[PDB]
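Below: the structure, in structure tokens.
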Amino acid sequence: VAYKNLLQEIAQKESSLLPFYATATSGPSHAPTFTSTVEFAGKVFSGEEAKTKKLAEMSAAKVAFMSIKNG
């Protein structure tokens, strides 16, 4: 599955702005790192630092999903 799809579903139903994914690149040429951050419902959830985009994006959707649960 892909919590990404569900996140979009609620966006329309809730009437919220369709979530948007973003990634940033920064760090030493020897020790690079990327952080994926998602924005929705007028809120921004920061993911977990990692040396990969796959994990970064996952961390963002992971924390976001957990937060959406509490409301």
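The conditions of being loosely packed, with under 14 Cβ neighbours inside 10 Å, within 17 Å of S67 (Cα to Cα) and β-branched (V, I, T) are met by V44. Within the stretch 1-37, the residues that satisfy the criterion of being over 16 Å from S59 (Cβ atoms) and either of a type in the set (K, R) or in a helix (DSSP H, G or I) (or both) are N5, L6, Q8, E9, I10, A11, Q12, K13, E14.
Filtering the stretch 1-22 to residues that are of a type in the set (S, T, Y) and either in contact with a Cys (Cβ under 8 Å, 6 or more places away or on another chain) or loosely packed, with under 10 Cβ neighbours inside 10 Å (or both) leaves only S15.
Determine if the stretch 38-58 includes at least one residue that is assigned to a strand (DSSP E or B), among the hydrophobic types (A, V, I, L, M, F, W, C) and touching a residue at least 24 places away in the same chain (Cβ under 8 Å). Looking for residues that are assigned to a strand (DSSP E or B), among the hydrophobic types (A, V, I, L, M, F, W, C) and touching a residue at least 24 places away in the same chain (Cβ under 8 Å), one finds at least one in the stretch 38-58, hence yes. Selection of first residues in the stretch 1-29 that are farther than 15 Å from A64 by Cβ and of second residues that are surrounded by 10 or more Cβ atoms within 10 Å (Cβ to Cβ), restricted to Cβ pairs under 7 Å at least 6 apart or on distinct chains, gives the following pairs, ordered by first then second residue: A24/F34; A24/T35; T25/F34; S26/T33; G27/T33.
As a convention, Cβ positions derive from the backbone with ideal geometry for all residues, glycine included, and neighbour counts pool all protein chains shown. Where a number appears in this text, it was derived from the coordinates with a stated rule and is not lab data.
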